[PDB]
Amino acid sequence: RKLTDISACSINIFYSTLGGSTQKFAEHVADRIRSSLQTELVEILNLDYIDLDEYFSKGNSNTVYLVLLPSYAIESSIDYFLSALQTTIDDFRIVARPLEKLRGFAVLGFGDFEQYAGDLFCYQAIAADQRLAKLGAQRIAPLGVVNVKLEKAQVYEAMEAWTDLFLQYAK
């Protein structure tokens, strides 16, 4: 089986969304991974409605975490996700590197390169990528970033390319 080929027991796809698009993209990435690995062991999880302590201050051995995250320059629920990661990083009550037992992680960022070019472009996905590594999760693939101001056809090939690249790194 292909899941065992990537030394994983299952794949968790976390996302956050305000306008709904990242949720659709997460569903599409999930369906692509189900087909490629011919597995049903792929979960999609909305970061706003799960207990973050259950997934990011402790981790099921050999799980892959994919994190799909838009960035918002305004206050949003994504701020809470990032704050929760940092709190776990600094909290003496939690041992260091609690996610070292995972297979690993990879982050795919979505953002608006036309209005937020520069420091703000996919800045929260950048932060999430930095913080997951500090929690001890092995970075399986380098951070991906998608400019959603491209034509929608280009947005989908960008995320499908990233998904296929992740699966090759995961081998």
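We number the residues from 1 along the sequence you see.
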Stretch with the greater mean C-alpha B-factor as recorded in the entry, comparing 11 to 19 against 145 to 153 = 145 to 153
Between 34 to 42 and 60 to 68, name whichever shows the higher mean Cα B factor according to the PDB entry.
-> 34 to 42
Between 89, 99, 82, 73, which one tops the list for C-alpha B-factor in the PDB entry?
-> 73
Hey, what third does residue 136 fall into on Cα B-factor, ranked over its chain?
-> middle
Report the third (lowest, middle or highest) to which the CA temperature factor of residue 119 belongs, ranking only the modelled residues of the same chain.
-> highest
